[PDB]
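A single chain, nothing else alongside it, follows as structure tokens in the form deposited in one PDB entry.
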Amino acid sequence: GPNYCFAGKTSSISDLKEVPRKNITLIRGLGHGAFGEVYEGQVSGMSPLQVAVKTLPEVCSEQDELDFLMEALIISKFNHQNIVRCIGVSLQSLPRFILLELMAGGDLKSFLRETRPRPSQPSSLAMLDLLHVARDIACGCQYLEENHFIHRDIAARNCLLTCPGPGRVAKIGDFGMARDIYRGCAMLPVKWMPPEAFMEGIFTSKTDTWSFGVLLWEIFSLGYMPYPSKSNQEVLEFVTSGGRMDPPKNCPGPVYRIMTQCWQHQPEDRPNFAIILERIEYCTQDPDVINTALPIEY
């Protein structure tokens, strides 16, 4: 049985909150992908608690088994409002379950794509909504940084929202990349990686800073793919040459500046998450920033 260490503390399968299987009802499928397989569920104490349920295939390898356990351990040890909570697990029944905080808004990438301003709904999103999401994720990233946990895959695809409408809170919802390393390839998130990451292969919280800058571009572009028209190798060469993305359409200069400082070639020239947060908050208070209209997609 493997042990997991976070914030100087060691835990194992024993420390996970096993919820009796009979207390868990699957309500509906939500979807599947690189994150695994997710359902809406209910937990009763006998008003039940609405949750998300990630499942482990019954037909699976033993590394698969150990992956699932590790994912459970990693999430259960995080304690932050901008990281999805783990309600508990159900590993003593088959198929195995991890019970997570339900995020009714789905993944951030799809939300931004779906909620683009249009002639029919020309004010579905405003700059302040984008800045609030950015702040939400920076806050989760600051927690990770101060706890010396390197995420390694900060991207819109790995972020979730509490709800579609006003008052949505964005949260880090996937830790698969971090789980894999705790245990180059075509699946590597190259377009989110700093130049030194392909090179001497050393990751720091400043490598997360780089990725956060790319996330920021994703947010302000309303969900576009980074480096449009470039392949992984092309991006890699472009980025290490000093090349950087243009601002997303209608991006205020102050917001773009946060991106460009996140993409400084030298790691020590890049802001930590406390500085990123300060800059986002300043942007949030500047009327010329927040009064800037997002583009209408025709």
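Here the rigid core means the biggest group of C-alpha atoms that line up within 1.5 Å when the two forms are laid on top of each other. A residue's number is simply how far along the shown sequence it sits, counting from 1.
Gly45, present in the displayed chain, goes without coordinates in a third or more of the other PDB entries compared that cover both sides of it. Looking at the other PDB entries for this protein, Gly173 is present in the model in all of those that include the residues around it, rather than absent from a third. Per the record, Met46 and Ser47 are separated by a gap of 4 to 9 residues from the deposited sequence that were not modelled.
Where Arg183 is followed by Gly184 in the displayed chain, the model omits 4 to 9 of the deposited residues that sit between the two. Note on 118 to 126 vs 165 to 173: mean CA B-factor is higher in 118 to 126. Averaged over their C-alpha atoms, the temperature factors of 102 to 110 and 200 to 208 are higher for 200 to 208. Comparing C-alpha B-factors across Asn250, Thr260, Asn272, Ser229 in the deposited entry, the largest value falls on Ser229.
Remark: of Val53, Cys60, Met70, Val255, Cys60 shows the highest value [criterion: C-alpha B-factor in the PDB entry].
Per-chain ranking of the deposited C-alpha B factor places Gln92 in the highest third. Per-chain ranking of the deposited C-alpha B factor places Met187 in the highest third. In the deposited entry, the Cα temperature factor of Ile276 places it in the lowest third of its chain's modelled residues.
What comes next is about the form deposited in another entry, which is not displayed.
Lining up the core between this form and the one not shown shows that one residue from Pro254, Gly243, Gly36, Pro267 moves its Cα 2 Å or more, and that residue is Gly36. In the other entry, the separation between the C-alpha atoms of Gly33 and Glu101 shrinks by 3 Å or more relative to the displayed form.
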